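Okay, so here's the structure we're looking at.
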4 protein chains.
Amino acid sequence: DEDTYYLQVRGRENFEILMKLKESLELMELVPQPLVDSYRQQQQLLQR
Amino acid sequence: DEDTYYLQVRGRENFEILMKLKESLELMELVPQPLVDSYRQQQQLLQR
Amino acid sequence: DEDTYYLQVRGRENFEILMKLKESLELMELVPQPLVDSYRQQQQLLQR
Amino acid sequence: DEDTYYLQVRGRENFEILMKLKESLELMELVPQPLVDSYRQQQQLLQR
């Protein structure tokens, strides 16, 4: 139990923010791991 | 068309982040407007 | 170490989605617990 | 004005949800456009 799930979200504004996020989170699995690591490094520089 | 929607999210980690968010976004409608305005002020102080 | 944090987000679209979310998540602490429980119940009805 | 921004988020749980999201949203720019389009198609199948 960890595959696709259904998220009931009320309100267009709310749905859109999460929908774009669902795409960002889901797509993060389709981005080459080595390329994500590099980004994490650029981000590791400063969380500010 | 702006009521509750269904968001298919794959991966437990992904689902949990959005699920907690769905709750935060949805609940934001149940928090007294005047009280949210006050918070926005405290937040308006600095986005840093 | 769990108070306010700084999140560096690149891209306006990205910043806005998270900013509105920061407000939703942060405000969730300002909404009466008993009132949130009631919502969670309405949400507990179905995650679909 | 649309580059990196700073998001002040209070509470570890809150910060973590948005932080992982900041990474997902930001990384979405590093994932080949043609590959994202394919995903969007798989997602276009059903929003349920």
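Any read-out appearing in this document is the output of simple, stated calculations on the displayed coordinates, not a laboratory observation. Using ideal geometry, Cβ is built from the backbone for each residue, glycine included, and neighbour counts are taken over all protein chains shown.
Quick notes
- Among the residues of region C:20-41, those that are in contact with an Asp or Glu (Cβ under 9 Å, 6 or more places away or on another chain) and either of a type in the set (S, T, N, Q) or part of a helix (DSSP H, G or I) (or both) comprise C:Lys20, C:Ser24, C:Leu25, C:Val36, C:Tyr39, C:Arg40.
- Sole exception among (1) over 13 Å from C:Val31 (Cβ atoms); (2) surrounded by fewer than 20 Cβ atoms within 10 Å (Cβ to Cβ); (3) of a type outside the set (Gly, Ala, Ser) for B:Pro32, by number: (1)
Yes/no matrix, rows are residues, columns are (1) among the polar types (S, T, N, Q); (2) facing chain B (nearest Cβ under 7 Å); (3) out of contact with any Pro (no Cβ under 8 Å at 6 or more places or on another chain):
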| residue | (1), (2), (3) |
| --- | --- |
| A:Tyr6 | no, yes, yes |
| A:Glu16 | no, no, yes |
| A:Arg40 | no, no, yes |
| A:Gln43 | yes, no, yes |
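- Test: residue in region B:19-26 that is of a type in the set (S, T, N, Q), within 14 Å of chain A (Cβ to nearest Cβ), under 23 Å from D:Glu16 (Cα atoms) and under 17 Å from the mean Cα position of the chain (by Cα): yes
- In summary, C:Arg48 fulfils each of the numbered conditions (1) under 18 Å from B:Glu16 (Cα atoms); (2) of a type in the set (D, E, K, R); (3) not in a loop (DSSP other than H, G, I, E, B) with the single exception of condition (3).
- Counting only residues that are farther than 20 Å from C:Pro32 by Cβ, basic (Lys, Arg) and either surrounded by 16 or more Cβ atoms within 10 Å (Cβ to Cβ) or in contact (Cβ under 8 Å) with a residue 24 or more places away in the chain (or both), region B:1-29 holds 1 of them.
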